[PDB]
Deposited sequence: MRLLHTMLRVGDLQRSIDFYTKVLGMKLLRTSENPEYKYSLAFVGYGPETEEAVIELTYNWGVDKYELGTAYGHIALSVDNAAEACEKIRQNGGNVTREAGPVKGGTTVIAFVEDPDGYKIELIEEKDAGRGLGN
C-alpha cells in the first residue's frame, strides 16, 4: 500500500496548474471534467501516479474561494535550492512565509511558502 495523492480545492485551475508546474517543476499528469458534479481536476506531480504520490487539484465550477481552516498543515517538497525556490515562488503567484534557512538546532535548510490559494508548502533542501 502507498500514499496516492493529496487533494486540494483551488479557486482557479489554470492558476494552480501554472504554479505547480512552471514554478515548482511538477508535470501535469492528467485532467478531467465532470458535468454531473460540476468540477474539473488536474493531477500534478514529480512522477507518474503509479510511481509517486501526487497532488489532486480540484476546481469546482464557479467557485473561486474556500476557507483554509486551521486543521490542514501543508505538503512538504524536496528542493535542490530552497533560496532559489523561494525567490521564484514569491515572484510567481506565491508567498514566502518563512525564509530559507536551517532549523533551530539543525543544519537542514528549509522554508515555508504559500501557493496561489494560500496553501502552505514546506520546502526541504536536499564548499560554497
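**Student:** No C-alpha coordinates anywhere in a stretch? Then put that deposited-sequence range on the list, in order along the chain.
**Tutor:** The deposited sequence has one unmodelled segment, at 127-133.
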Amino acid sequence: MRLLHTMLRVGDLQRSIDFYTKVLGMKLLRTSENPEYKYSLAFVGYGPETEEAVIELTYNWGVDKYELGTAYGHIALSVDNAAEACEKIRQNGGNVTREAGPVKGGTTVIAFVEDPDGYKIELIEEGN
From here on, numbers count along this sequence of modelled residues.
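Rigid core here is just the name for the largest C-alpha set that superposes within 1.5 Å across the two forms.
**Student:** Superpose by the rigid core: which stretch, 88-96 or 64-72, shows more Cα shift in 4 other deposited structures of this protein?
**Tutor:** Between 88-96 and 64-72, the one lying farther away in 4 other deposited structures of this protein is 88-96.
**Student:** Averaged over C-alpha atoms, is the B-factor higher for 52-60 or for 26-34 in this PDB entry?
**Tutor:** On average, C-alpha B-factors are higher across 26-34.
**Student:** If you average the CA temperature factors over each stretch, which comes out higher, 101-109 or 114-122?
**Tutor:** Per the PDB entry, the higher value belongs to 101-109.
**Student:** Quick check on the deposited entry: does the C-alpha B-factor of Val79 sit in the lowest, middle or highest third of its chain?
**Tutor:** Its C-alpha B-factor, which the entry lists for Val79, ranks in the middle third among residues of this chain.
**Student:** Would the CA B-factor of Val44 place it in the lowest, middle or highest third of its chain?
**Tutor:** CA B-factor rank for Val44: lowest third.
**Student:** C-alpha B factor of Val96, ranked within the chain: lowest, middle or highest third?
**Tutor:** For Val96, the deposited C-alpha B-factor lands in the highest third.
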